[PDB]
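Enquirer: Sharing data_15.cif, mmCIF, C-alpha atoms and all ligand atoms:
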```cif
data_run
loop_
_atom_site.label_atom_id
_atom_site.label_comp_id
_atom_site.auth_asym_id
_atom_site.auth_seq_id
_atom_site.Cartn_x
_atom_site.Cartn_y
_atom_site.Cartn_z
CA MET A 1 14.19 -1.16 7.95
CA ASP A 2 14.10 -4.34 5.88
CA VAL A 3 11.75 -4.89 2.95
CA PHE A 4 10.52 -8.41 2.21
CA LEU A 5 10.34 -9.28 -1.48
CA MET A 6 9.35 -11.84 -4.07
CA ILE A 7 11.62 -11.56 -7.12
CA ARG A 8 9.68 -13.12 -9.99
CA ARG A 9 10.51 -14.22 -13.53
CA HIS A 10 8.43 -16.72 -15.55
CA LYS A 11 7.77 -19.62 -13.15
CA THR A 12 10.61 -18.68 -10.75
CA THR A 13 10.05 -16.84 -7.44
CA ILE A 14 12.89 -15.85 -5.08
CA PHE A 15 11.94 -14.98 -1.50
CA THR A 16 14.48 -12.57 0.00
CA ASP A 17 14.82 -9.49 2.16
CA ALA A 18 16.91 -6.37 1.70
CA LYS A 19 17.45 -3.08 3.48
CA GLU A 20 15.38 -0.09 2.38
CA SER A 21 18.71 1.71 2.13
CA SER A 22 20.23 -0.89 -0.23
CA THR A 23 20.30 -0.28 -3.98
CA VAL A 24 18.77 -1.90 -7.04
CA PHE A 25 22.30 -2.80 -8.15
CA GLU A 26 22.86 -4.51 -4.79
CA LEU A 27 19.65 -6.50 -5.30
CA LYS A 28 20.90 -7.59 -8.71
CA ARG A 29 24.01 -8.93 -6.97
CA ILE A 30 21.73 -11.05 -4.74
CA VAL A 31 20.00 -12.52 -7.80
CA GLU A 32 23.43 -13.17 -9.35
CA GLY A 33 24.45 -15.41 -6.45
CA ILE A 34 21.25 -17.46 -6.71
CA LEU A 35 20.53 -17.64 -10.45
CA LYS A 36 24.17 -17.33 -11.64
CA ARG A 37 23.51 -14.41 -14.01
CA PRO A 38 25.47 -11.13 -13.69
CA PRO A 39 23.89 -7.72 -12.96
CA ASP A 40 24.27 -6.45 -16.55
CA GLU A 41 22.23 -9.50 -17.68
CA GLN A 42 19.34 -8.48 -15.35
CA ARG A 43 16.51 -5.94 -15.31
CA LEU A 44 14.40 -5.35 -12.20
CA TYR A 45 10.88 -3.88 -12.18
CA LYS A 46 8.33 -2.44 -9.76
CA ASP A 47 5.10 -3.15 -11.68
CA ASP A 48 6.03 -1.98 -15.23
CA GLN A 49 8.62 0.58 -14.07
CA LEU A 50 12.22 -0.42 -14.78
CA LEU A 51 14.38 0.28 -11.72
CA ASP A 52 17.63 2.24 -12.00
CA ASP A 53 20.77 0.57 -10.59
CA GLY A 54 21.75 3.52 -8.38
CA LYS A 55 18.40 4.07 -6.65
CA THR A 56 17.76 2.62 -3.23
CA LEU A 57 14.79 0.32 -2.77
CA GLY A 58 13.12 2.96 -0.59
CA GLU A 59 13.63 5.53 -3.35
CA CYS A 60 11.91 3.13 -5.78
CA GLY A 61 8.79 2.99 -3.59
CA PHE A 62 9.48 -0.14 -1.54
CA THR A 63 8.77 0.53 2.13
CA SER A 64 9.06 -1.76 5.16
CA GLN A 65 5.49 -0.83 6.13
CA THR A 66 4.04 -2.53 3.02
CA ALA A 67 6.76 -5.05 2.01
CA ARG A 68 6.25 -7.34 5.01
CA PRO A 69 7.24 -10.99 5.65
CA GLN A 70 3.66 -12.30 5.43
CA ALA A 71 2.85 -10.13 2.39
CA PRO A 72 6.02 -9.42 0.40
CA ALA A 73 6.28 -6.91 -2.43
CA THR A 74 6.87 -8.20 -5.96
CA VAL A 75 9.96 -7.23 -7.98
CA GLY A 76 9.82 -8.22 -11.65
CA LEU A 77 12.93 -9.78 -13.19
CA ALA A 78 13.96 -10.21 -16.83
CA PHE A 79 17.12 -11.78 -18.30
CA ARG A 80 19.35 -10.79 -21.23
CA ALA A 81 19.55 -13.85 -23.49
CA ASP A 82 22.64 -13.44 -25.70
CA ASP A 83 22.31 -9.87 -26.99
CA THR A 84 18.76 -8.78 -26.13
CA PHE A 85 16.75 -8.48 -22.93
CA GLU A 86 13.58 -10.57 -22.77
CA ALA A 87 10.24 -8.90 -22.14
CA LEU A 88 9.06 -8.97 -18.53
CA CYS A 89 6.83 -12.02 -18.04
CA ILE A 90 5.61 -13.40 -14.69
CA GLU A 91 3.32 -16.43 -14.74
CA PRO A 92 0.46 -16.27 -12.23
CA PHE A 93 0.14 -18.85 -9.49
CA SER A 94 -2.68 -21.40 -9.56
CA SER A 95 -6.36 -20.47 -8.90
CA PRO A 96 -7.98 -21.33 -5.54
CA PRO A 97 -11.06 -23.55 -5.84
CA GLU A 98 -14.59 -22.65 -4.80
CA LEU A 99 -15.28 -22.53 -1.08
CA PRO A 100 -17.22 -25.64 0.04
CA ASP A 101 -20.82 -25.24 1.14
CA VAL A 102 -20.07 -25.70 4.85
CA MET A 103 -17.52 -22.86 4.71
CA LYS A 104 -19.97 -20.38 3.08
CA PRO A 105 -22.31 -18.17 5.16
CA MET B 16 23.43 -17.70 2.52
CA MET B 17 22.37 -21.11 1.23
CA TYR B 18 19.09 -21.67 -0.61
CA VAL B 19 16.74 -24.52 -1.44
CA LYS B 20 14.28 -24.79 -4.33
CA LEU B 21 10.71 -25.97 -3.72
CA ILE B 22 8.66 -27.07 -6.76
CA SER B 23 4.85 -26.97 -6.71
CA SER B 24 2.39 -29.14 -8.64
CA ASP B 25 2.09 -26.71 -11.58
CA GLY B 26 5.85 -26.31 -11.98
CA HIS B 27 6.37 -23.04 -10.10
CA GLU B 28 9.80 -22.90 -8.47
CA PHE B 29 10.18 -21.19 -5.07
CA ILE B 30 13.71 -20.35 -3.92
CA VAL B 31 13.94 -19.61 -0.18
CA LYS B 32 16.76 -19.32 2.31
CA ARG B 33 17.69 -22.78 3.57
CA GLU B 34 17.37 -21.60 7.19
CA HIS B 35 13.81 -20.46 6.41
CA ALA B 36 12.83 -23.77 4.79
CA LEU B 37 13.93 -25.59 7.97
CA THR B 38 10.87 -23.96 9.57
CA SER B 39 9.13 -27.02 8.12
CA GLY B 40 9.86 -30.05 10.28
CA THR B 41 9.34 -32.21 7.20
CA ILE B 42 11.94 -30.33 5.14
CA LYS B 43 14.34 -30.15 8.12
CA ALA B 44 14.28 -33.95 8.43
CA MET B 45 14.84 -34.43 4.69
CA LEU B 46 17.91 -32.16 4.62
CA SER B 47 19.39 -33.09 8.02
CA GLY B 48 21.98 -35.58 6.72
CA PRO B 49 25.77 -35.24 6.71
CA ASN B 58 19.18 -28.31 -2.95
CA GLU B 59 15.84 -29.02 -4.62
CA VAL B 60 12.65 -30.50 -3.17
CA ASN B 61 9.65 -31.57 -5.26
CA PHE B 62 6.20 -31.03 -3.75
CA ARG B 63 4.05 -32.07 -6.75
CA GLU B 64 1.10 -32.39 -4.36
CA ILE B 65 0.99 -28.72 -3.31
CA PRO B 66 -0.32 -26.14 -5.82
CA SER B 67 1.51 -22.83 -6.30
CA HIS B 68 -1.23 -20.72 -4.68
CA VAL B 69 -0.61 -22.74 -1.49
CA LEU B 70 3.16 -23.27 -1.62
CA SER B 71 3.79 -19.53 -2.15
CA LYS B 72 1.87 -18.85 1.06
CA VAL B 73 3.89 -21.54 2.84
CA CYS B 74 7.11 -19.72 1.90
CA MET B 75 5.61 -16.46 3.16
CA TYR B 76 4.97 -18.23 6.47
CA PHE B 77 8.63 -19.30 6.58
CA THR B 78 9.69 -15.65 6.23
CA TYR B 79 7.14 -14.59 8.84
CA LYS B 80 8.13 -17.22 11.40
CA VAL B 81 11.86 -16.45 11.14
CA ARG B 82 11.26 -12.70 11.40
CA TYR B 83 8.83 -12.61 14.31
CA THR B 84 10.10 -15.46 16.50
CA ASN B 85 12.01 -14.13 19.55
CA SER B 86 10.93 -10.57 18.77
CA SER B 87 9.46 -7.96 21.10
CA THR B 88 7.80 -6.10 18.23
CA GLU B 89 4.07 -6.06 17.54
CA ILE B 90 3.29 -9.22 15.57
CA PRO B 91 0.98 -8.75 12.55
CA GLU B 92 -1.65 -11.37 11.78
CA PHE B 93 -0.67 -14.02 9.27
CA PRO B 94 -3.43 -13.60 6.65
CA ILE B 95 -5.22 -16.62 5.16
CA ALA B 96 -8.00 -16.12 2.64
CA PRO B 97 -11.02 -18.40 3.23
CA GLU B 98 -10.63 -19.99 -0.22
CA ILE B 99 -7.06 -21.30 0.53
CA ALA B 100 -7.51 -22.27 4.18
CA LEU B 101 -8.37 -25.94 3.62
CA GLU B 102 -5.46 -26.65 1.28
CA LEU B 103 -3.06 -24.56 3.39
CA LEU B 104 -4.15 -26.49 6.47
CA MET B 105 -3.35 -29.78 4.76
CA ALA B 106 -0.02 -28.40 3.54
CA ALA B 107 0.89 -27.17 7.03
CA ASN B 108 -0.06 -30.56 8.49
CA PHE B 109 2.11 -32.38 5.93
CA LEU B 110 5.06 -29.96 6.13
CA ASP B 111 4.94 -29.82 9.99
CA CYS B 112 5.03 -26.07 10.48
CA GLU C 560 -9.89 -9.46 53.17
CA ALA C 561 -9.58 -10.22 49.44
CA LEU C 562 -8.95 -7.29 47.07
CA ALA C 563 -9.70 -8.04 43.41
CA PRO C 564 -8.54 -5.85 40.52
CA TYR C 565 -10.91 -3.19 39.22
CA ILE C 566 -11.16 -0.67 36.39
CA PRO C 567 -11.49 3.09 37.00
CA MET C 568 -14.32 4.72 35.07
CA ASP C 569 -12.09 6.39 32.50
CA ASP C 570 -11.94 6.54 28.72
CA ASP C 571 -9.77 4.12 26.81
CA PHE C 572 -7.10 5.59 24.57
CA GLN C 573 -5.91 4.73 21.09
CA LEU C 574 -2.49 3.23 20.41
CA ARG C 575 -0.42 4.25 17.41
CA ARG D 60 -2.44 -23.84 47.14
CA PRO D 61 -2.39 -24.18 43.29
CA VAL D 62 0.93 -23.16 41.76
CA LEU D 63 -0.71 -20.60 39.42
CA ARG D 64 -2.73 -18.09 41.46
CA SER D 65 -2.69 -14.50 42.65
CA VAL D 66 -1.38 -13.63 46.11
CA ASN D 67 -3.65 -11.43 48.24
CA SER D 68 -0.93 -8.80 48.70
CA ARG D 69 -3.44 -5.94 49.07
CA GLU D 70 -0.63 -3.74 47.68
CA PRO D 71 -2.05 -1.59 44.85
CA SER D 72 -0.25 -1.59 41.51
CA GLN D 73 -1.38 0.60 38.61
CA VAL D 74 -1.21 -1.17 35.25
CA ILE D 75 -1.91 -0.26 31.61
CA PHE D 76 -3.26 -2.97 29.31
CA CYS D 77 -2.08 -2.18 25.75
CA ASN D 78 -3.83 -4.30 23.11
CA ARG D 79 -1.15 -4.36 20.43
CA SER D 80 -2.96 -7.12 18.54
CA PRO D 81 -5.73 -7.20 15.91
CA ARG D 82 -7.99 -9.27 18.20
CA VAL D 83 -10.61 -8.28 20.72
CA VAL D 84 -8.71 -9.18 23.90
CA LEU D 85 -10.19 -10.81 27.00
CA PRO D 86 -8.07 -10.09 30.09
CA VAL D 87 -8.25 -13.03 32.49
CA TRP D 88 -7.41 -12.66 36.19
CA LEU D 89 -6.43 -15.74 38.22
CA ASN D 90 -8.09 -15.40 41.62
CA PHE D 91 -6.55 -16.47 44.92
CA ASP D 92 -7.66 -20.06 44.32
CA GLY D 93 -6.29 -20.04 40.77
CA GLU D 94 -9.67 -19.83 39.09
CA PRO D 95 -9.75 -17.71 35.90
CA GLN D 96 -12.05 -14.66 35.97
CA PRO D 97 -12.99 -12.53 32.94
CA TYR D 98 -12.55 -8.76 32.83
CA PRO D 99 -13.97 -6.27 30.29
CA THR D 100 -12.58 -6.79 26.80
CA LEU D 101 -10.20 -4.51 24.90
CA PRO D 102 -10.74 -3.54 21.25
CA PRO D 103 -7.72 -3.92 18.96
CA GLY D 104 -5.23 -1.08 19.13
CA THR D 105 -6.58 0.35 22.39
CA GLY D 106 -5.20 0.81 25.89
CA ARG D 107 -6.77 0.91 29.35
CA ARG D 108 -5.69 1.84 32.88
CA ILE D 109 -6.24 -0.95 35.42
CA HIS D 110 -6.19 -0.92 39.22
CA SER D 111 -4.41 -4.16 40.08
CA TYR D 112 -2.21 -5.44 42.90
CA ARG D 113 1.32 -6.72 43.41
CA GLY D 114 1.66 -10.44 42.82
CA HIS D 115 -1.63 -10.89 40.98
CA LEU D 116 -1.55 -13.10 37.88
CA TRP D 117 -3.07 -12.09 34.52
CA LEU D 118 -3.31 -13.82 31.14
CA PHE D 119 -4.86 -12.74 27.83
CA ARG D 120 -6.92 -14.45 25.11
CA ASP D 121 -8.94 -13.68 22.03
CA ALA D 122 -12.38 -12.90 23.45
CA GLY D 123 -14.41 -14.70 20.78
CA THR D 124 -12.29 -17.83 20.26
CA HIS D 125 -10.01 -17.95 23.35
CA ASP D 126 -6.96 -18.24 21.07
CA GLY D 127 -3.89 -17.78 23.25
CA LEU D 128 -2.16 -14.40 23.37
CA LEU D 129 1.09 -13.18 24.91
CA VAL D 130 1.72 -10.34 27.35
CA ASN D 131 5.22 -8.82 27.29
CA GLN D 132 6.17 -11.85 25.17
CA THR D 133 5.07 -14.45 27.78
CA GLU D 134 1.92 -16.24 28.97
CA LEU D 135 1.45 -14.62 32.41
CA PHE D 136 1.74 -11.03 33.63
CA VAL D 137 2.38 -10.16 37.27
CA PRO D 138 2.05 -6.52 38.44
CA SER D 139 4.97 -5.10 40.41
CA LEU D 140 5.21 -2.10 42.71
CA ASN D 141 4.97 1.21 40.85
CA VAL D 142 8.32 3.05 40.77
CA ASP D 143 8.00 6.86 40.93
CA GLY D 144 4.28 6.72 40.13
CA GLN D 145 4.89 5.11 36.72
CA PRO D 146 2.37 2.36 35.85
CA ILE D 147 3.48 -1.05 34.61
CA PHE D 148 2.77 -1.76 30.95
CA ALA D 149 1.19 -5.02 29.81
CA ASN D 150 1.80 -5.10 26.04
CA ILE D 151 -0.53 -7.75 24.64
CA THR D 152 0.43 -9.27 21.28
CA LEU D 153 -0.22 -12.18 19.00
CA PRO D 154 2.18 -15.09 19.43
CA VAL D 155 3.78 -16.60 16.35
CA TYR D 156 1.22 -19.33 15.78
CA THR D 157 2.29 -22.40 13.90
CA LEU D 158 0.92 -22.31 10.38
CA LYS D 159 -1.15 -25.37 11.22
CA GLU D 160 -2.79 -23.74 14.24
CA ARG D 161 -3.34 -20.48 12.32
CA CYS D 162 -5.08 -22.49 9.57
CA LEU D 163 -7.23 -24.21 12.21
CA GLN D 164 -8.29 -20.80 13.57
CA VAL D 165 -9.47 -19.66 10.14
CA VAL D 166 -11.33 -22.91 9.47
CA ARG D 167 -13.00 -22.77 12.92
CA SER D 168 -14.13 -19.21 12.19
CA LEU D 169 -15.90 -20.32 8.97
CA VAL D 170 -17.32 -23.78 9.84
CA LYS D 171 -19.82 -24.66 12.55
CA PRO D 172 -18.43 -27.44 14.80
CA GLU D 173 -21.26 -29.77 13.75
CA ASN D 174 -19.91 -29.45 10.18
CA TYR D 175 -16.17 -30.06 10.77
CA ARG D 176 -16.42 -33.72 9.76
CA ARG D 177 -18.01 -32.75 6.42
CA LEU D 178 -14.76 -31.15 5.21
CA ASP D 179 -12.76 -33.15 2.66
CA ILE D 180 -9.58 -33.15 4.73
CA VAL D 181 -7.41 -35.86 6.23
CA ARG D 182 -9.09 -37.60 9.16
CA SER D 183 -6.67 -36.63 11.94
CA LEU D 184 -7.56 -32.97 11.32
CA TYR D 185 -11.14 -33.45 12.53
CA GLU D 186 -9.94 -33.92 16.11
CA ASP D 187 -7.50 -31.00 15.72
CA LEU D 188 -10.42 -28.76 14.77
CA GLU D 189 -12.50 -30.06 17.68
CA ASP D 190 -9.64 -29.41 20.16
CA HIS D 191 -10.29 -25.67 20.34
CA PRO D 192 -8.23 -23.38 22.63
CA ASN D 193 -9.12 -23.79 26.31
CA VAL D 194 -7.92 -21.69 29.27
CA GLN D 195 -8.11 -24.42 31.91
CA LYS D 196 -6.29 -26.93 29.70
CA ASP D 197 -3.60 -24.31 29.12
CA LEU D 198 -3.35 -23.61 32.86
CA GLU D 199 -2.84 -27.32 33.48
CA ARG D 200 -0.12 -27.45 30.82
CA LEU D 201 1.71 -24.38 32.15
CA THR D 202 1.58 -25.89 35.63
CA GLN D 203 3.12 -29.16 34.48
CA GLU D 204 5.87 -27.41 32.50
CA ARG D 205 6.74 -25.26 35.52
CA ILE D 206 7.09 -28.31 37.78
CA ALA D 207 9.49 -29.85 35.25
CA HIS D 208 11.87 -26.93 35.71
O1 LIG E 1 -1.28 -20.71 20.45
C1 LIG E 1 -0.18 -20.39 21.22
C2 LIG E 1 -0.53 -19.98 22.61
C3 LIG E 1 -1.34 -20.83 23.36
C4 LIG E 1 -1.69 -20.48 24.65
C5 LIG E 1 -1.25 -19.28 25.18
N1 LIG E 1 -1.59 -18.97 26.43
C6 LIG E 1 -2.03 -17.77 26.87
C7 LIG E 1 -2.26 -17.88 28.24
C8 LIG E 1 -1.94 -19.18 28.61
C9 LIG E 1 -1.52 -19.83 27.46
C10 LIG E 1 -0.44 -18.42 24.43
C11 LIG E 1 -0.09 -18.78 23.14
#
```
Translate the structure of the given file into structure tokens.
Expert:
Amino acid sequence: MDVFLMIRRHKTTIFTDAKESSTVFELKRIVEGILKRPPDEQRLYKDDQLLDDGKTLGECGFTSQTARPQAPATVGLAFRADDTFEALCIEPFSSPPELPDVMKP
Amino acid sequence: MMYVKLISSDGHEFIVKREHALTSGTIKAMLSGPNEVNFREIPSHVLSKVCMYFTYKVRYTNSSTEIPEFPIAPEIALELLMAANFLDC
Amino acid sequence: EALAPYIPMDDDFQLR
Amino acid sequence: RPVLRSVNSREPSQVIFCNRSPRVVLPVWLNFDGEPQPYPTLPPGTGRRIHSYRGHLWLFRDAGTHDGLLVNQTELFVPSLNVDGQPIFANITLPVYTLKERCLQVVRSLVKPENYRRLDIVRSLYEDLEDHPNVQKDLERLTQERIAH
């Protein structure tokens, strides 16, 4: 089916979906249309594992059962600045505050 | 498709399909005229969940499939409630 | 005479 | 005489409640005067055979909170005559709640009603929290919407 993703680089997060049967290269083409950087200037990651262009998302471990709309799977993204690819770096979101007393048991 | 960019209070940028962002009645009204939207009042741990709700609502509306619960951790519920009230979704 | 719904004494089953 | 009520058809109809939701489900039968009656609850992910009747009206709610649920994608379920012995399926599911009403559900589950107005939230939300789901108020709304059509 479809997998629901968050493509993340630095302080940028792209929400998109793709078919399990679509390829990493195809996903790079999606990012190209949004961030205006071509596929050979991109590297995609599942955790620390760099994803090969010719593999499908299902073959990389992304499954519709776990990559759902309300809980999308994270794909890491890194850009090639000039000659070299940057190291993969995703900044965490903000930290939720302490639960108030009347919401604690 | 077309996309819009939503910016949270700590500078996180969230790029979502424009159709999905129109889930918010507030955003729909802002963009309804004949993109980038700043929400410096909403922190990233809330706005990211808002975008997840957009995806969820578009997917499961008018569907016969079994609908999964939309999960909300206790520690974000108060801020997410205020964000949902303000965004009208 | 009014006939209300009722439940046969039978085990429930699990959905998957 | 109420618009939403079962008809005393006395014609048996076998039905299978399928709780395809994560909630404990309360089946609610509208009697012949339109008054809602509770039936034994259904754990999440479980099914049950029911002996019902043609033209009876059913609706379904979360048993603990009375949050509204859907049955075959709509509010009310009406058994039909069994064709070739096959029972009629009532597939109970969550609706797509608005994010606001889903947030209210979570807050209600964690905060005693006497403590709602202690939360540091915008004032209009106090009344939203207090306006908890209610079967009879929903029946009155569904009735009015039906008349409009
Ligand atoms: O929160 C949405 C919602 C509210 C009420 C119902 N509802 C179930 C039986 C009658 C009404 C269903 C969904």
Enquirer: Counting only C-alpha atoms and all ligand atoms, which of D:182, D:82, D:107, D:200 gets nearest to ligand LIG 1 (chain E)?
Expert: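 Nearest candidate to ligand LIG 1 (chain E) out of D:182, D:82, D:107, D:200: D:200.
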Enquirer: Sorted by chain and rising residue number, list the residues of region 17-94 of chain B at most 9 Å from region 134-158 of chain D (counting all atoms listed in the file), each with its closest atom pair and distance in Å to one decimal, as a tab-separated table.
Expert:
```
residue	atom	partner	partner_atom	distance
B:73	CA	D:158	CA	8.1
B:76	CA	D:158	CA	7.0
B:79	CA	D:155	CA	8.5
B:80	CA	D:155	CA	6.6
B:83	CA	D:155	CA	6.8
B:84	CA	D:155	CA	6.4
B:88	CA	D:152	CA	8.6
B:89	CA	D:152	CA	6.1
B:90	CA	D:153	CA	5.7
B:91	CA	D:153	CA	7.4
B:92	CA	D:153	CA	7.4
B:93	CA	D:158	CA	8.5
```
Enquirer: Residues of chain B within 12 Å of chain D, counting all atoms listed in the file, what are they? List them as a compact mmCIF listing (two decimals) with C-alpha atoms, keeping the file's coordinate frame.
Expert:
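The resulting result_4.txt:
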```
# COMPACT_ATOMS: atom_id res chain seq x y z
CA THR B 38 10.87 -23.96 9.57
CA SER B 39 9.13 -27.02 8.12
CA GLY B 40 9.86 -30.05 10.28
CA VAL B 69 -0.61 -22.74 -1.49
CA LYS B 72 1.87 -18.85 1.06
CA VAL B 73 3.89 -21.54 2.84
CA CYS B 74 7.11 -19.72 1.90
CA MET B 75 5.61 -16.46 3.16
CA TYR B 76 4.97 -18.23 6.47
CA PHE B 77 8.63 -19.30 6.58
CA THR B 78 9.69 -15.65 6.23
CA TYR B 79 7.14 -14.59 8.84
CA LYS B 80 8.13 -17.22 11.40
CA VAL B 81 11.86 -16.45 11.14
CA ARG B 82 11.26 -12.70 11.40
CA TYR B 83 8.83 -12.61 14.31
CA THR B 84 10.10 -15.46 16.50
CA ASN B 85 12.01 -14.13 19.55
CA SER B 86 10.93 -10.57 18.77
CA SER B 87 9.46 -7.96 21.10
CA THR B 88 7.80 -6.10 18.23
CA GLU B 89 4.07 -6.06 17.54
CA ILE B 90 3.29 -9.22 15.57
CA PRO B 91 0.98 -8.75 12.55
CA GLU B 92 -1.65 -11.37 11.78
CA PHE B 93 -0.67 -14.02 9.27
CA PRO B 94 -3.43 -13.60 6.65
CA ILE B 95 -5.22 -16.62 5.16
CA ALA B 96 -8.00 -16.12 2.64
CA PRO B 97 -11.02 -18.40 3.23
CA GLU B 98 -10.63 -19.99 -0.22
CA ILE B 99 -7.06 -21.30 0.53
CA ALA B 100 -7.51 -22.27 4.18
CA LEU B 101 -8.37 -25.94 3.62
CA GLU B 102 -5.46 -26.65 1.28
CA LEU B 103 -3.06 -24.56 3.39
CA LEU B 104 -4.15 -26.49 6.47
CA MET B 105 -3.35 -29.78 4.76
CA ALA B 106 -0.02 -28.40 3.54
CA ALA B 107 0.89 -27.17 7.03
CA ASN B 108 -0.06 -30.56 8.49
CA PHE B 109 2.11 -32.38 5.93
CA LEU B 110 5.06 -29.96 6.13
CA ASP B 111 4.94 -29.82 9.99
CA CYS B 112 5.03 -26.07 10.48
```
Enquirer: Please find the residues contacting ligand LIG 1 (chain E) at a distance of at most 7 Å between atoms, with all atoms listed in the file counted, and report them as a list in words.
Expert: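 Within the 7 Å cut-off, the matching residues are residues 118, 119, 120, 126, 127, 128, 129, 134, 135, 154, 156, 194, 197 and 198 of chain D.
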Enquirer: Find the distance between CA of residue 66 (chain D) and CA of residue 202 (chain D) and write it in Å to one decimal.
Expert: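 Here the two named atoms are 16.4 Å from each other.
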Enquirer: With a distance threshold of 7 Å and counting only C-alpha atoms, extract the residues of chain C near chain D and express them as a ChimeraX atom specification.
Expert: /C:561-562,564-567,571-574
Enquirer: Per residue of region 40-110 of chain B within 10 Å of region 26-33 of chain B, what are the shortest atom pair and its distance in Å to one decimal, counting all atoms listed in the file, with rows by chain and residue number, as JSON lines?
Expert:
```
{"residue": "B:42", "atom": "CA", "partner": "B:33", "partner_atom": "CA", "distance": 9.6}
{"residue": "B:43", "atom": "CA", "partner": "B:33", "partner_atom": "CA", "distance": 9.3}
{"residue": "B:46", "atom": "CA", "partner": "B:33", "partner_atom": "CA", "distance": 9.4}
{"residue": "B:58", "atom": "CA", "partner": "B:33", "partner_atom": "CA", "distance": 8.7}
{"residue": "B:59", "atom": "CA", "partner": "B:30", "partner_atom": "CA", "distance": 9.0}
{"residue": "B:60", "atom": "CA", "partner": "B:28", "partner_atom": "CA", "distance": 9.7}
{"residue": "B:61", "atom": "CA", "partner": "B:28", "partner_atom": "CA", "distance": 9.2}
{"residue": "B:62", "atom": "CA", "partner": "B:26", "partner_atom": "CA", "distance": 9.5}
{"residue": "B:63", "atom": "CA", "partner": "B:26", "partner_atom": "CA", "distance": 8.0}
{"residue": "B:66", "atom": "CA", "partner": "B:27", "partner_atom": "CA", "distance": 8.5}
{"residue": "B:67", "atom": "CA", "partner": "B:27", "partner_atom": "CA", "distance": 6.2}
{"residue": "B:68", "atom": "CA", "partner": "B:27", "partner_atom": "CA", "distance": 9.6}
{"residue": "B:70", "atom": "CA", "partner": "B:29", "partner_atom": "CA", "distance": 8.1}
{"residue": "B:71", "atom": "CA", "partner": "B:29", "partner_atom": "CA", "distance": 7.2}
{"residue": "B:74", "atom": "CA", "partner": "B:31", "partner_atom": "CA", "distance": 7.1}
{"residue": "B:75", "atom": "CA", "partner": "B:31", "partner_atom": "CA", "distance": 9.5}
{"residue": "B:77", "atom": "CA", "partner": "B:31", "partner_atom": "CA", "distance": 8.6}
{"residue": "B:78", "atom": "CA", "partner": "B:31", "partner_atom": "CA", "distance": 8.7}
```
Enquirer: Would you mind listing what lies within 9 Å of residue 54 (chain A) as a count of residues only, with only C-alpha atoms counted and same-chain residues fewer than 4 positions away left out?
Expert: 4
Enquirer: Report as a ChimeraX atom specification all protein, DNA and RNA residues lying within 9 Å of residue 90 (chain A), evaluated on all atoms listed in the file, omitting residues in the same chain fewer than 2 positions from it.
Expert: /A:8-12,76-77,88,92
Enquirer: Residues of chain A were defined as contacting chain B if any atom lay at most 12 Å from it, counting all atoms listed in the file; please report them as a ChimeraX atom specification.
Expert: /A:2-17,30-31,33-35,65-73,90-105
Enquirer: With C-alpha atoms kept, could you save the residues just selected as a compact mmCIF listing (two decimals), keeping the file's coordinate frame?
Expert:
```txt
# COMPACT_ATOMS: atom_id res chain seq x y z
CA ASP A 2 14.10 -4.34 5.88
CA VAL A 3 11.75 -4.89 2.95
CA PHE A 4 10.52 -8.41 2.21
CA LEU A 5 10.34 -9.28 -1.48
CA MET A 6 9.35 -11.84 -4.07
CA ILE A 7 11.62 -11.56 -7.12
CA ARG A 8 9.68 -13.12 -9.99
CA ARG A 9 10.51 -14.22 -13.53
CA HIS A 10 8.43 -16.72 -15.55
CA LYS A 11 7.77 -19.62 -13.15
CA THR A 12 10.61 -18.68 -10.75
CA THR A 13 10.05 -16.84 -7.44
CA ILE A 14 12.89 -15.85 -5.08
CA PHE A 15 11.94 -14.98 -1.50
CA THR A 16 14.48 -12.57 0.00
CA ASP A 17 14.82 -9.49 2.16
CA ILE A 30 21.73 -11.05 -4.74
CA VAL A 31 20.00 -12.52 -7.80
CA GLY A 33 24.45 -15.41 -6.45
CA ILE A 34 21.25 -17.46 -6.71
CA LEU A 35 20.53 -17.64 -10.45
CA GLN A 65 5.49 -0.83 6.13
CA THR A 66 4.04 -2.53 3.02
CA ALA A 67 6.76 -5.05 2.01
CA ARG A 68 6.25 -7.34 5.01
CA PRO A 69 7.24 -10.99 5.65
CA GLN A 70 3.66 -12.30 5.43
CA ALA A 71 2.85 -10.13 2.39
CA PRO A 72 6.02 -9.42 0.40
CA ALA A 73 6.28 -6.91 -2.43
CA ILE A 90 5.61 -13.40 -14.69
CA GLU A 91 3.32 -16.43 -14.74
CA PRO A 92 0.46 -16.27 -12.23
CA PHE A 93 0.14 -18.85 -9.49
CA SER A 94 -2.68 -21.40 -9.56
CA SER A 95 -6.36 -20.47 -8.90
CA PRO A 96 -7.98 -21.33 -5.54
CA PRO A 97 -11.06 -23.55 -5.84
CA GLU A 98 -14.59 -22.65 -4.80
CA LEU A 99 -15.28 -22.53 -1.08
CA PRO A 100 -17.22 -25.64 0.04
CA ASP A 101 -20.82 -25.24 1.14
CA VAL A 102 -20.07 -25.70 4.85
CA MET A 103 -17.52 -22.86 4.71
CA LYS A 104 -19.97 -20.38 3.08
CA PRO A 105 -22.31 -18.17 5.16
```
Enquirer: CA of residue 75 (chain A) and CA of residue 58 (chain A) are how many Å apart?
Expert: 13.0 Å
Enquirer: Rounded to one decimal place, report the CA of residue 199 (chain D)-CA of residue 186 (chain D) distance in Å.
Expert: 19.9 Å
